[PDB]
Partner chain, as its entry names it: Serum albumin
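So this first bit is one chain, no partners, the form deposited without the partner chain, shown in structure tokens.
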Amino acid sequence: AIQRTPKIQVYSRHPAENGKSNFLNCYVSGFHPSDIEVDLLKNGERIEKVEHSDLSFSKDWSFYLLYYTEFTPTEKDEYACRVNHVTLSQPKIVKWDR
């Protein structure tokens, strides 16, 4: 089965409010095979306090994962989602903007 590259979509639960509790989400879907590295980044650094769904697949059998973490944004801090796959030469990044 032809390798499929992940689609990465990054979005927040609430409007960005500097100094307010909020949730950052990263939805990664449509990839095959199942081995993958997803991380949520705060200032280029991997966040450890994270939650993810158990591995699941659609009907075309490609896989998908939801990641999220609770966080409080400020002008200084930027957040991201980084993904590494076999179909990825370099770890792809997607950045979150207010």
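Only residues modelled in both forms are compared. Residue numbers count along the first chain shown, from 1. What we label the rigid core is the largest C-alpha set whose atoms superpose within 1.5 Å from one form to the other.
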Mean C-alpha B-factor comparison - 69-77 and 28-36, higher one: 69-77
Stretch exceeding the other in mean C-alpha B-factor - 89-97, 3-11: 89-97
Cα B factor band for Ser62 (lowest, middle or highest third within the chain): middle
Third of the chain's Cα B-factor distribution that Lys42 belongs to, per the entry: highest
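There is another form of the same protein, the form solved in complex with the partner chain; it is not shown, and what comes next is about it.
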Contacts with the partner chain in the entry with it bound, stretch 63-83 (heavy atom within 4.5 Å): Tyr68, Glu70
Moved residue ranges in sequence order between the shown form and the other one, Cα 2 Å or more, at least 3 long, core fit: 14-16
